[PDB]
Amino acid sequence: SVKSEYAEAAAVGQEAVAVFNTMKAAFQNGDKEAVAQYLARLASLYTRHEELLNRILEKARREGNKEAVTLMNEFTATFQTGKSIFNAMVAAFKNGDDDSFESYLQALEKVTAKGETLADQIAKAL
Ligand SMILES: Nc1nc2ccc(F)cc2s1
């Protein structure tokens with residue numbers, strides 16, 4: 001069902017949270033080789049999550065589930081805020097700008113924490 005598809009999407013999201021926290025530790029410790037690998041792993045994970053979310057939103061639209069579509073439209077918009085901040089983090093890493101990397105990382109954390117009550121509301125609406 002769309003609901004089990006959202007549970008699968010949510011797990012992929014939690015995998016990115018786990019890898020992100022590991023990456024943040026590696027950044028603080030200065031292990032740039034690890035950070036590079038974790039950033040590649042996060043890119044693939046966000047690419048997967050985004051696509052799953054899109055399929056869920058498209059299915060909610062085909063089902064006529066207006067509330068779930070509203071919530072998912074908002075949530076995907078927020079996801080793209082996170083995506084832009086993540087990409088800016090990756091560029092800061094490439095450029096060696098640790099000040100910007102720290103900034104973007106904290107902003108990604110706050111964007112993620114904010115969009116959590118919505119994430120739960122979607123599970124209930126689908
Ligand atoms: N809370 C979030 N972080 C990211 C990071 C990258 C991305 F593409 C989407 C999101 S949503």
Side-chain angles (χ1 to χ4, degrees):
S1 72
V2 71
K3 198 171 298 186
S4 72
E5 284 151 15
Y6 187 73
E8 295 147 26
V12 177
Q14 286 313 110
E15 197 181 322
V17 163
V19 175
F20 180 96
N21 285 326
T22 300
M23 180 274 294
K24 170 176 162 184
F27 166 73
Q28 298 173 348
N29 294 324
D31 183 352
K32 303 176 69 162
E33 295 206 29
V35 171
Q37 287 170 262
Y38 296 134
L39 289 171
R41 188 70 166 191
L42 287 169
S44 168
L45 274 157
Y46 294 136
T47 291
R48 169 70 164 164
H49 196 190
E50 181 180 354
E51 202 262 319
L52 295 178
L53 289 175
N54 282 340
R55 285 158 33 175
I56 287 156
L57 170 57
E58 286 147 24
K59 187 160 174 169
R61 288 174 175 154
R62 289 192 305 273
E63 290 181 350
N65 185 338
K66 292 196 183 67
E67 186 55 42
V69 170
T70 297
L71 298 174
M72 282 291 298
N73 277 327
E74 298 170 322
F75 186 90
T76 57
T78 297
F79 182 100
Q80 293 289 321
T81 303
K83 179 178 174 179
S84 294
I85 297 172
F86 175 79
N87 289 335
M89 196 172 63
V90 174
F93 180 70
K94 181 190 181 190
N95 284 325
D97 177 356
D98 287 348
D99 171 78
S100 299
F101 192 92
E102 298 149 14
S103 179
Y104 292 131
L105 188 143
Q106 280 199 36
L108 187 59
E109 277 177 336
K110 291 165 191 175
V111 156
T112 296
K114 284 188 176 68
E116 281 334 292
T117 58
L118 184 51
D120 282 12
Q121 291 177 213
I122 295 167
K124 297 162 181 174
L126 280 175

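Positions are given from 1 along the sequence. Keep in mind that the numbers below use all heavy atoms, side chains included, and drop hydrogens, waters and symmetry copies.
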Quick one: does [X]'s side chain get under 4.5 Å of [Y]'s, heavy atoms only?
X      : Y      : result
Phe86  : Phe20  : no
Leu53  : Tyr6   : yes
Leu118 : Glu74  : yes
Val35  : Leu39  : yes
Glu102 : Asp98  : yes
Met23  : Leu105 : yes
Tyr104 : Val90  : no
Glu50  : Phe79  : yes

Nearest heavy-atom pair of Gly115 and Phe75: which atoms, and what distance?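 Nearest pair, atom of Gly115 first, then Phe75: O-CE1, 3.3 Å.
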
Quick one: closest heavy-atom pair of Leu126 and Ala68, and the distance? CD2-CB, 3.7 Å

Please determine whether the number of non-hydrogen atoms from other residues, nucleotides or ligands lying under 6.0 Å from atom [atom1] of [X] exceeds 12.
X      : atom1 : value
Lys59  : NZ    : yes
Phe93  : CZ    : yes
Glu116 : CD    : yes

Could you walk me through whether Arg41 and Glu15 satisfy the side chain to side chain contact (heavy atoms under 4.5 Å, CB included) test, starting with their C-alpha distance in whole Å, then the side-chain angles of each, then the deciding distance to 0.1 Å, before giving a yes or no? CA-CA 10 Å; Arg41 188 70 166 191; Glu15 197 181 322; 4.2 Å; yes

Rounded to the nearest 0.5 Å, what's the gap from [atom1] on [X] to [atom2] on [Y]? Could you check?
X      : Y      : atom1 : atom2 : answer
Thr22  : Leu42  : OG1   : CG    : 9.0 Å
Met72  : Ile122 : CE    : CD1   : 5.5 Å
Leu71  : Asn65  : CG    : CG    : 8.5 Å
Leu108 : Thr81  : CG    : OG1   : 10.5 Å
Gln80  : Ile85  : CD    : CD1   : 11.5 Å

